[PDB]
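Participant:
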Amino acid sequence: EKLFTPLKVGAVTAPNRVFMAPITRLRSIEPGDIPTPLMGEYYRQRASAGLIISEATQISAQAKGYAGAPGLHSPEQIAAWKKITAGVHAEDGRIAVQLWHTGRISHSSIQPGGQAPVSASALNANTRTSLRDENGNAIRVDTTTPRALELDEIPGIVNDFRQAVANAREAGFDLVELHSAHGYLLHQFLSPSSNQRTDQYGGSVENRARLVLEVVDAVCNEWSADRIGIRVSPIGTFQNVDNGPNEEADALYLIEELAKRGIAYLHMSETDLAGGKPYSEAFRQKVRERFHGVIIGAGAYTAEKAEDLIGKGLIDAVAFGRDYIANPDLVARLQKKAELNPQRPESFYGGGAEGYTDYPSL
Ligand SMILES: Cc1cc2nc3c(=O)[nH]c(=O)nc-3n(C[C@H](O)[C@H](O)[C@H](O)COP(=O)(O)O)c2cc1C
Numbered sequence: 005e006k007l008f009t010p011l012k013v014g015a016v017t018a019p020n021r022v023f024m025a026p027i028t029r030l031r032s033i034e035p036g037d038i039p040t041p042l043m044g045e046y047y048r049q050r051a052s053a054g055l056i057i058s059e060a061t062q063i064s065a066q067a068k069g070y071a072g073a074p075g076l077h078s079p080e081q082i083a084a085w086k087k088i089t090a091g092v093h094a095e096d097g098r099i100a101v102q103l104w105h106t107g108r109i110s111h112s113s114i115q116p117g118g119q120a121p122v123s124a125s126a127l128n129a130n131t132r133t134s135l136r137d138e139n140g141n142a143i144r145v146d147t148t149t150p151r152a153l154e155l156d157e158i159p160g161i162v163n164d165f166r167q168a169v170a171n172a173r174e175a176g177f178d179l180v181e182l183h184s185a186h187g188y189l190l191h192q193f194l195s196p197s198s199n200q201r202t203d204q205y206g207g208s209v210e211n212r213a214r215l216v217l218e219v220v221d222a223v224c225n226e227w228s229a230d231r232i233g234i235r236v237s238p239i240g241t242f243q244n245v246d247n248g249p250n251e252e253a254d255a256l257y258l259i260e261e262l263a264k265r266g267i268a269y270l271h272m273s274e275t276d277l278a279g280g281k282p283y284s285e286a287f288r289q290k291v292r293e294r295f296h297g298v299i300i301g302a303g304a305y306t307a308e309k310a311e312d313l314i315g316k317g318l319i320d321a322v323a324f325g326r327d328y329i330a331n332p333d334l335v336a337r338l339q340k341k342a343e344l345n346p347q348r349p350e351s352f353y354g355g356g357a358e359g360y361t362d363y364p365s366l
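One gets the numbering used here by counting positions in the sequence shown from 1 and adding 4 to each.
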């Protein structure tokens, strides 16, 4: 077994390879999109993870697409996250913040000024997002058609990622994960399906990857490359965003570019909850010979599959989502081959402590 051995992840050393995937839970305070002490308890319970990766967190108010998702742009958000990371560190854990801009997976009612959300192009996502009703309960609502960003608005988006990384470092996070997956803003630019621009930010793969690489460079300069990870979902379809007709070649272009920056890790979300074709081992080997940081795999993994791929020299760590929702001591359970707590999906999104902090350890 290698799952219970240490791994150097940029500037941090994880004691095991069992990571907590980023999981949106929609329990923040409104107004202000403020993290809470309840969220702090939830993360502290999971501090034995080799690395915790937080729920997706807004870089700015414009970044918001889901009612109840936290931000990392305001003074009050910084102060609340500082308490949360201090609690994880008091339990000897490590925590990364996942930073996003939702782009077109959003609704005008939760944008600044009630305006349409932004994207690469003025194309509706044709999906839903999560709002709150008048009683504070999570509800699903069709996405609003976005406005295409003007060329002169792109530097501001880059700066918003940079600023959020400055804030994250101050807030005590160990690493930052850029959310470049699942059809959110960075992925909206990467994918030809969602990006019909004819300027330097659309068309060729070089142009489609331009924004995400500008963001990577800005955040490495703000902090250090060994503090930066990135999550991609570059093979298959996620939230109606496919990866275009040359997905493998385009993914390998992006990964070779990322490798040049010496970033801490590449986190691959391999399939959504409905599943799909597995990554081929040939593709995994092409990724591995191009990237020389840590590779994290995710998407309906088992411990056995993680061991197999770590033993083949193809990935370094696994991130578990739903098993981490339900098992605060997932590491110990996998080590001991114990049963896993029964999951309660009704309480994944929204609500309070029930189905959040009430799953027991062994
Ligand atoms: C309730 C829920 C919320 C999620 N929120 C995020 C998120 O904030 N960021 C992200 O990149 N992926 C998110 N995901 C995907 C998970 O990180 C993970 O990749 C996925 O759950 C598949 O892995 P699993 O079979 O281990 O659960 C979410 C998944 C679920 C079920």
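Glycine is no exception: its CB is placed at the ideal position from the N, C-alpha and C atoms.
1. Considering only the alpha carbon of each residue, which of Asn-128, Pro-39, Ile-99 and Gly-117 lies closest to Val-180?
2. Using CA coordinates, which residue listed in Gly-266, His-191 and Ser-64 is at the minimum distance from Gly-240?
3. Kindly list the residues whose CB is nearer than 6 Å to the CB of residue 430, restricted to its own chain and excluding five residues on each side of it in sequence; keep chain order.
4. In chain order, what residues of the same chain have a beta carbon less than 7 Å from the beta carbon of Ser-195, not counting five sequence neighbours either side?
5. Need the endpoints of the beta strand (DSSP E) that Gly-233 sits in, please.
6. Identify which residue in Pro-19, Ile-63, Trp-85 and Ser-64 has its Cα closest to the Cα of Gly-54.
7. Could you tell me the distance, in whole angstroms, from the CA atom of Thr-106 to the CA atom of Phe-165?
8. Got a sec? Which residues, its chain only, sit under 8 Å from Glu-157 by beta carbon, not counting five neighbours each side?
9. Determine the contact status of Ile-56 and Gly-97, defining contact as a CB-CB distance below 8 Å.
10. Does the separation of the CB atoms of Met-24 and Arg-48 fall below 8 Å?
11. Can you give me the C-alpha to C-alpha distance between residue 3 and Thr-306, rounded to a whole angstrom?
12. Between the C-alpha atoms of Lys-68 and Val-236, what's the straight-line distance to the nearest angstrom?
13. Terminal residues of the continuous beta strand (DSSP E) containing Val-291?
14. Any heavy atom of ligand 3 within a distance shorter than 7 Å of the CB on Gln-192?
15. What residue range is occupied by the uninterrupted alpha helix (DSSP H) comprising residue 1?
16. Just to confirm my understanding: we take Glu-80, look at its own chain, exclude 5 residues before and 5 after, and list those with CB closer than 6 Å. What are they?
17. Along the beta strand (DSSP E) that carries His-183, what are the first and last residues, could you check?
18. Apart from the five residues on each side of it in sequence, which residues of its chain come closer than 7 Å, Cβ to Cβ, to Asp-333?
19. Determine the direct distance from the alpha carbon of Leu-262 to that of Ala-71, and round the result to whole angstroms.
20. What's the call for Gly-301, buried or exposed, on a 16-neighbour Cβ count within 10 Å?
21. On the three-state DSSP scale, how would you describe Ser-123?
22. Leaving out five residues on either side along the sequence, give the residues of the same chain with a beta carbon under 7 Å from the beta carbon of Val-298.
23. Straight-line CA distance for residue 400 to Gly-187?
24. Going straight from the alpha carbon of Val-220 to that of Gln-167, what length do you get?
25. Going by the DSSP bridge assignment, what does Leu-11 pair with across the sheet?
Facilitator: According to the structure data:
1. In the sequence shown, residue 180 corresponds to position 176, counting from 1. Considering only alpha carbons, the answer is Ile-99.
2. In the sequence shown, counting from the first residue as 1, residue 240 sits at position 236. Among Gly-266, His-191 and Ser-64, the Cα nearest to that of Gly-240 belongs to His-191.
3. As displayed, the chain neither begins before 5 nor continues past 366, which places residue 430 out of reach and without an answer.
4. In the sequence shown, counting from the first residue as 1, residue 195 sits at position 191. Only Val-245, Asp-246, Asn-247 and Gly-248 meet the Cβ criterion.
5. One-based indexing of the sequence shown puts residue 233 at position 229. Per DSSP, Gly-233 belongs to the beta strand (DSSP E) from 232-236.
6. Residue 54 sits at position 50 when you count from the first residue of the sequence shown. When only C-alpha atoms are compared, the closest one is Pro-19.
7. Here residue 106 is taken as the residue at index 102 of the sequence shown, counted from 1. Here residue 165 is taken as the residue at index 161 of the sequence shown, counted from 1. Approximately 12 Å, taken between the alpha carbons.
8. In the sequence shown, the residue the question calls residue 157 occupies position 153. Only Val-122 meet the Cβ criterion.
9. One-based indexing of the sequence shown puts residue 56 at position 52. One-based indexing of the sequence shown puts residue 97 at position 93. It is a contact, given that the beta carbons lie within the stated cut-off.
10. As a position in the sequence shown, residue 24 is number 20, starting the count at 1. As a position in the sequence shown, residue 48 is number 44, starting the count at 1. No, the Cβ-Cβ distance between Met-24 and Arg-48 is not below 8 Å.
11. For the chain, the structure presents residues 5 to 366; residue 3 sits outside this window and is missing.
12. Translated into the one-based positions of the sequence shown, residue 68 becomes position 64. Translated into the one-based positions of the sequence shown, residue 236 becomes position 232. Taking the straight line from one Cα to the other gives about 20 Å.
13. On the sequence shown, position 287 is the one that residue 291 refers to. Segment 285-294 is the alpha helix (DSSP H) holding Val-291; no beta strand (DSSP E) there.
14. Ligand 3 is not among the ligands present in this structure, which contains only ligand 1.
15. Because the chain spans 5 through 366 in this model, residue 1 falls outside it and cannot be assessed.
16. Position 76 of the sequence shown, counted from the first residue, corresponds to residue 80. Here the set comprises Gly-36 and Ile-38.
17. Position 179 of the sequence shown, counted from the start, is the residue given in the question as residue 183. Per DSSP, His-183 belongs to the beta strand (DSSP E) from 179-184.
18. Within the sequence shown, residue 333 is the residue found at index 329, counting from 1. Contacts found: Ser-52, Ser-365 and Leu-366.
19. Here the question's residue 71 lines up with position 67 in the sequence shown. Here the question's residue 262 lines up with position 258 in the sequence shown. Each residue's alpha carbon lies about 32 Å from the other.
20. For this step, residue 301 is matched to residue 297 along the sequence shown. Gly-301 is buried by the Cβ-count criterion.
21. Numbered from its first residue, the sequence shown carries residue 123 at position 119. Three-state result, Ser-123: strand.
22. Position 294 of the sequence shown, counting from 1, holds the residue named residue 298. Here the set comprises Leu-11, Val-13, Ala-268, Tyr-269, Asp-320 and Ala-321.
23. In this structure the chain extends from 5 to 366, so residue 400 is not present and cannot be described.
24. The residue you call residue 220 lines up with position 216 of the sequence shown. The residue you call residue 167 lines up with position 163 of the sequence shown. For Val-220 and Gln-167, the distance between alpha carbons rounds to 13 Å.
25. Taking the first residue of the sequence shown as position 1, residue 11 is located at position 7. Beta-bridge pairing links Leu-11 to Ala-18.
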